[PDB]
Every structure is written in C-alpha cells, then in structure tokens.
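*Asks:* Once you've had a glance at the structure underneath, I'll fire off some questions.
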Amino acid sequence: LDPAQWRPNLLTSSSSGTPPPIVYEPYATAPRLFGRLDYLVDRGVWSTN
Amino acid sequence: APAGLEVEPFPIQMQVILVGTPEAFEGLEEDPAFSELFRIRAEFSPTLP
C-alpha cells in the first residue's frame, strides 16, 4: 500500500466567500480548463496516482 | 514531457515593436486585440522628397 496513491489531492482551498472565487481563463484549453494529470517516471515506469 | 514546471503569469515590462510590410500587417490587423495592443503606427513613406 502506498500513501502517494491514497492521499487526497488538495485542489482548491477556501476563498473566504467574499469575493466569490472568480477564475478568468483567456487560454481556454483542455489542459488548463479541466486540469492535467502528471506522470512521474519513478524506477523507469510512468507511475501515476 | 512527463511533467512541466507551472510557470506563474509574469507582468510584461518590454515594449514590442513589430516590423513588417503593409501586406504583412493587413493580415494581422483583422484581430481587434492587435489594434488594442499596438496603438502606435509608424509608417515609412515609400518615397522621400
């Protein structure tokens, strides 16, 4: 069992409510819109978590 | 690339000066962002007196 694959990933913390969390993304592209999945090559395998 | 450094947006201090023929710009003047970014038009007269 690896903690690196069972540790929740912090996406976004609180914005204190006011002002509301506004994110303008003029570069509307899939990696920046929906996020990205990285790939660390440990021991030679593209092992992700 | 298996991963990529997340480069934070950086304020731009430079002053870009595009150079080109009128034909090289009429194909680039159709973008309103060009007309809003490049306000100063330096035209070279084809003929001097």
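Ordering of the structure tokens sets the chain letters (A, B, ...), residue numbers begin anew at 1 in every chain, and ligands are numbered from 1 in the order given.
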Counting only C-alpha atoms, collect the residues of chain B whose closest atom lies at most 9 Å from chain A, and write them out as a ChimeraX atom specification.
*Replies:* /B:1-4
*Asks:* With C-alpha atoms retained, export the selected residues as a short mmCIF file (atom, residue, chain, number, x, y, z; two decimals), in the first residue's frame.
*Replies:*
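File written: part14.cif
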```
data_model
loop_
_atom_site.label_atom_id
_atom_site.label_comp_id
_atom_site.auth_asym_id
_atom_site.auth_seq_id
_atom_site.Cartn_x
_atom_site.Cartn_y
_atom_site.Cartn_z
CA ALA B 1 7.09 15.71 -21.44
CA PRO B 2 6.24 13.58 -18.37
CA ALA B 3 5.73 16.77 -16.37
CA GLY B 4 6.13 20.51 -16.68
#
```
*Asks:* How would you write, as a list in words, the set of residues in chain A that DSSP gives as strand (DSSP E)?
*Replies:*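 Everything in chain A that counts as strand (DSSP E) is residues 40, 41, 42, 45, 46 and 47 of chain A.
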*Asks:* How would you write, as a compact mmCIF listing (two decimals) with C-alpha atoms, in the first residue's frame, the set of residues in segment 10-41 of chain B that DSSP gives as alpha helix (DSSP H)?
*Replies:*
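Once everything was written out, this is part.txt:
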```
# COMPACT_ATOMS: atom_id res chain seq x y z
CA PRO B 22 1.59 46.74 -45.12
CA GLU B 23 0.61 43.35 -46.54
CA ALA B 24 2.27 41.61 -43.59
CA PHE B 25 0.05 43.63 -41.23
CA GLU B 26 -3.28 43.79 -43.07
CA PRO B 32 -9.08 43.51 -32.62
CA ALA B 33 -6.57 42.50 -29.94
CA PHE B 34 -3.81 43.61 -32.31
CA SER B 35 -5.40 47.03 -32.70
CA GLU B 36 -5.82 47.26 -28.92
CA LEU B 37 -2.26 46.13 -28.15
```
*Asks:* Which residue out of B:15, B:21, B:8, B:27 has the minimum interatomic distance to residue 39 of chain B when only C-alpha atoms are used?
*Replies:* B:15
*Asks:* I need the residue nearest residue 32 of chain A from this list: B:16, B:47, B:6, B:42. Use only C-alpha atoms for the distance.
*Replies:* B:6
*Asks:* Rounded to one decimal place, report the atom CA of residue 42 of chain A-atom CA of residue 6 of chain A distance in Å.
*Replies:*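 Distance between the two atoms: 17.1 Å.
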